Structures are given as C-alpha cells and as structure tokens.
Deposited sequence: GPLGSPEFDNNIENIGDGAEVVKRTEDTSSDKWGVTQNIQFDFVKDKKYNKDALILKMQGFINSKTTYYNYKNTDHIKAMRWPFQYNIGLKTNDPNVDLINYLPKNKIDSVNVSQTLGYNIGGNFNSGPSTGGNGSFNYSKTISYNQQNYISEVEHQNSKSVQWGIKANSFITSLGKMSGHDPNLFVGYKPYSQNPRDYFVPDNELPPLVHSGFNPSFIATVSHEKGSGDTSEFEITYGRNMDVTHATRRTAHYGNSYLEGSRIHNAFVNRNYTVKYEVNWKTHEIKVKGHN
C-alpha cells in the first residue's frame, strides 16, 4: 500500500504529516520517505517539505493621517530543517545553489548501495523525488547549513515596474497610482501587477535527505520551520499634480515562523508530531 519495492533487496516506506497554524498562516505538508536497503550501511530518510506560507500582505492607514498609507509585505520566506540527534546527518538537500529562475524544478535520485544524485530531461534510478515551486521576482539561496541543519531564504530580487527595472530594496517598489484615494490599497499597485508571493503567498517544495546510524536508537526528531520576514512600505502623497512616494522599513518583522517538531521511528516507520508553536 504505502511500501514501494524499488530494487532487489530494497524498498521505500512512505509516510505523511499535515499541520496548519492559523496563528502564523502556514500549512506544513511533510512527506517522510524511509529507505530500507540491504546494500546500504545506514538508515536513510528523504524529507519533502511542502505546504503553504500565507504572504499576510496587509494595507493600512498610517496613524490619523489621510495622506500616508502603508503596505506590509513578505520580503523573504523562511524554510528550515534541523535535528538535535547526534547520530543523524544531513547528507543532501535541494536546491543546493543560488537560483533566480521563475520556476525551481529539480530531482533527487537514489540508487541501491546508498548512491544519491541529481536528475537531468529525465533519468531512471531506483527511487526519486521531485521538487517544484514558483518564485516569480524572488531568489532562492542557502542561508545556513551543517550536518544537523539547512536554512533557505526566498527573498525579493528583481521587478519590472512602470519606472523601469527595480531591485527588492527599491523604496518605491509597489507604490501606486491613486494619491487622492482614501483606501490604503489604492496607494499601491494592483494584484495584477504584484507577484504571487506578495498577493497570495508561497508554496514551498524543498528536499533534504538524512542518514541515521543503524541501531544507534529507534527514534529521532526534526524541527521544520516555515515563515516570513516582513517589510513596511509607507506611501506618502506629494503635491502641479499629485503623486505617491515610497519609504521602506526593511525587515520590520523578522522570523514570523511556524515551527513543528516531528518524531520518527526507524524500526516501525511511524511519525508523530511532538509539538509546535
């Protein structure tokens, strides 16, 4: 049913965990793929990190003013995986390098004997998992890594505005066309002109493989963190005719994260949520 035979003397035990937080506006859909291979000297678990991180983009009036209005938006999305267990090792993860393409689609391949690789286009190994996500206008890069952790940043990068090409740091990024409006939303460009990561949110698709030493302990725990770093753009009406000017508070609210702690059983191939925030 949920055990797939992959080669001669090898199989994959597939488990799934789903957890949403109205507190953080995050859904975490984790796939745990246990590699049971006679020709491989270690226990191996492939984690596919998916779900949704709501952009939580809000538009509000600045204080008791009628002419200064603000937009709070996600400058960067946070994706992280850590283990406390001393017997566990982070052996790979996808994406490995800084990547600016609109759609990030990569493939991790496995071959009997503990051989892991990356797919070209399509390849045929014993087992494989594919990552697939869109990051229009954003850039993906590894912020931190060691044998126990991996942290990705999906940050605002390059945008084609009316005033030409803009960086993610441009203070006029997202300033609108309606200075006389009384609605904070009107002070900023419409959804049609916004990237999905700003108007809606992020659908992560990340992979990490962990190796456990056989018989060093039945259970292991991993913490998976999904979040966002929020910027504040203040649009002020300048007065011939009237226009709007933007000013930025960069990293106004950092580490708005949803962290879930999962417990894994190497013998029974069972999953438990230990806790969360």
Identify which parts of the deposited sequence carry no C-alpha coordinates, going from the N-terminal end onward.
-> 1 to 9, 130 to 132, 252 to 254
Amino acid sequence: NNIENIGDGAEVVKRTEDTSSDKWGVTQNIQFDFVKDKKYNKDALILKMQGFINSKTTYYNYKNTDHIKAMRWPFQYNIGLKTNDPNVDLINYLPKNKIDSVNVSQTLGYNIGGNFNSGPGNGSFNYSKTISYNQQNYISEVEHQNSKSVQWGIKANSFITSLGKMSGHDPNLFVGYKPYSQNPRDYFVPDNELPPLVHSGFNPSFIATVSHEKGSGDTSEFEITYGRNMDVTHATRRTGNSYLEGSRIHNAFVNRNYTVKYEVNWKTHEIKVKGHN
From here on, numbers count along this sequence of modelled residues.
Taking the recorded C-alpha temperature factors, which stretch has the higher mean, 43 to 51 or 211 to 219?
-> 211 to 219
Going by the average Cα B-factor in the PDB entry, point out whether 103 to 111 or 71 to 79 comes out higher.
-> 103 to 111
Would you mind checking which of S205, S200, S140, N126 has the top Cα temperature factor in the PDB entry?
-> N126
From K155, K178, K165, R185, pick the one with the largest CA B-factor in the entry?
-> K165
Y258 - Cα temperature factor, lowest/middle/highest third of chain | lowest
Would you mind ranking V35 by its C-alpha B-factor against the rest of the chain and naming the third, lowest, middle or highest?
-> highest
Would you check the entry's CA temperature factor for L90 and let me know if it's in the chain's lowest, middle or highest third?
-> highest
Chain third (lowest, middle, highest) by recorded CA B-factor, residue given as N64 | middle
Ranked C-alpha temperature factor of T161 among modelled chain residues, by third | highest
